[PDB]
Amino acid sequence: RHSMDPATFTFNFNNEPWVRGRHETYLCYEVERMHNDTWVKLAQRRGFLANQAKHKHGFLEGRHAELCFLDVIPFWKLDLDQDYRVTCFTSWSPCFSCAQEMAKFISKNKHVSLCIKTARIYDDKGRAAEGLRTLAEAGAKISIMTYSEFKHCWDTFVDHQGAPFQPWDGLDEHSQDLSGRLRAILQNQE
């Protein structure tokens, strides 16, 4: 569908750091082009997707959300001599292998600046932290989603049918706690 189901958004983007039950990953994406040295939104280069679940018929191995996203890029036919900024709002941050693949992509495509804004930090059984450091070293700008970013995703990706964004309890404090943890990760204190 054109827009994301609102219950799906609210469940998957909740940012309580240690909450259980989120065994899918959702990713909303938007692209801007640098023109007259301003970032200008490419209206048709935006959307959302989820991971292909493990054991789903026709894709029994599954495919993580970040890989489905990278798959859609060549079909955009981005112009080789223009600078782009690609922003991904992710419900879980990249696992180690996804982080390595996104780092490979940005290493091969230097005209693309990747920003990852995540609701929660995916631990990947202790392996994700090194992957996030590797992705940052390759040039990605990784941050924790804040209130205004959740509201932007509600307003522009969700099938809200006119309902306003309703923040869940503790949103801001969760964002700020996760931001401290991400800072510790990226500077190798964790």
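When you see a residue number, it is the position in the sequence shown, counting from 1.
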**Prompt:** Looking at the deposited entry, does 149-157 or 60-68 carry the larger mean Cα B-factor?
**Reply:** 60-68
**Item:** Entry-level comparison of average CA B-factors, 135-143 and 118-126, reporting the higher stretch
**Value:** 135-143
**Item:** Peak C-alpha temperature factor (PDB record), options 96, 92, 75, 89
**Value:** 75
**Message:** Checking the record values for 163, 53, 43, 27, which has the greatest CA B factor?
**Reply:** 43
